[PDB]
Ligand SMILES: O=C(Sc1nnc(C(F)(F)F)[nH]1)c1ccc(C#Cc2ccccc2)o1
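Presented as structure tokens, the chain that follows is alone, the form deposited without this ligand.
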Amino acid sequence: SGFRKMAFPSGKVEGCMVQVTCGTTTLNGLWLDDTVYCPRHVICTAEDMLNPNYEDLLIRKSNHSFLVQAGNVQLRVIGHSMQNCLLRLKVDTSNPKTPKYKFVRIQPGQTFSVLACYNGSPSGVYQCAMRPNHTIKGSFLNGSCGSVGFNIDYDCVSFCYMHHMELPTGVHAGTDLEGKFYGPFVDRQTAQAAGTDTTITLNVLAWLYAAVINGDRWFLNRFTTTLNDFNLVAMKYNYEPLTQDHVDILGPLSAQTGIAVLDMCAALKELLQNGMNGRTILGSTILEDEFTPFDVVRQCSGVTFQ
């Protein structure tokens, strides 16, 4: 029993974290095999960042412009290229702690674990959702750039995020592990702000199923809804429209609990319209949207508390 935001165990990722220094900027890099991945803005000074030309700034660097430290070991750079918003530094040593890994580009609403690092040393681990507006609400201080996001699938690390910036509202932006930003953001100092966000409907529904699985049924009702009628309420409350694909995804959870998706949608519609009446769901006084249907299946018992 119980239900907590749970991160993946971070060990496999810890063994890949390094420090990258160029001139006067230090941040974190990812060391897999003989390559270290890091944000390209490591080559920028305080003024370059205002209107940088990375092609022009980079041609001016050599292999020995880059200092890479794995623990108390210095790694020799023997090659370098830029891949979108990432630098790739080929190093003379292949990482003996390299896990089986993939690079994946995560979709909005999906979750991942973040290993927050400073100076190449892991300091903390927490679970995040990629928001509909392509930001994450992380916890990052100066020197956290190059910290990675990931999921773990058996023994395989699926890297999905590298941290690049904080936006005006204190939320975070970054790239996948090919250097392509999530969202319309760029790696330079601009007026860029997070677009407006919405609540991840599918995740709220997933989390209501988790509450039932864990033994709580108080929020259910005798009603049902059509997709279209639910979606009218959803837009009034700044929830994402529910789609038939989302209904399909909730299938396994629907079957485990014996509650039809659209019946659960009527429950949600009622919760949205009537509030929660001083009551809690899975210990929470609000409707939580940072657990996927997958996170619920991962964490909950396969058998429900009927």
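We call the rigid core the largest set of C-alpha positions that still match within 1.5 Å between the two forms. All residue numbers refer to positions in the sequence shown, first residue = 1.
Taking the root mean square of CA deviations in 9 other deposited structures of this protein after fitting on the rigid core, 258 to 266 and 41 to 49 differ, and the farther of the two is 41 to 49. In a rigid core superposition of the other structures in 9 other deposited structures of this protein, 140 to 148 and 212 to 220 differ in how far their CA atoms stray, and the farther one is 140 to 148.
Mean CA B-factor, 243 to 251 versus 46 to 54: the higher value falls on 46 to 54. With 7 to 15 and 20 to 28 compared on mean CA B-factor from the PDB entry, the stretch scoring higher is 20 to 28.
Highest C-alpha temperature factor among 164, 105, 134, 222, as the PDB entry reports it: 222. As recorded in the entry, 93 carries the highest CA temperature factor of 175, 144, 93, 158. Looking at the C-alpha B-factors along this chain, the one for residue 227 belongs to the highest third. Among the modelled residues of its chain, residue 140 has a C-alpha B-factor that falls in the lowest third according to the deposited record. Per the PDB record, residue ranking by Cα B-factor puts residue 269 in the middle third of the chain. Per-chain ranking of the deposited C-alpha B factor places residue 79 in the highest third. The PDB entry assigns residue 111 a C-alpha temperature factor belonging to the lowest third of its chain's modelled residues.
Heads up, the form deposited with this ligand bound isn't pictured, but that's what we're talking about next.
Proximity to this ligand in the entry with it bound, taken as heavy atoms within 4.5 Å, picks out 144 to 152 from the listed stretches 67 to 75, 96 to 104, 144 to 152, 127 to 135. Comment: this ligand is not present in this chain, but in the entry with it bound one of 81, 221, 192, 121 has a heavy atom within 4.5 Å of it, namely 192. Residue 166 is the only one of 197, 216, 176, 166 with a heavy atom lying within 4.5 Å of this ligand in the entry with it bound. At least one heavy atom of residue 27 is located within 4.5 Å of this ligand in the entry with it bound.
This ligand in the entry with it bound comes within 4.5 Å of no heavy atom belonging to residue 88. Residues of 31 to 56 that come within 4.5 Å of this ligand in the entry with it bound, judged by any heavy atom, reduce to 41 alone.
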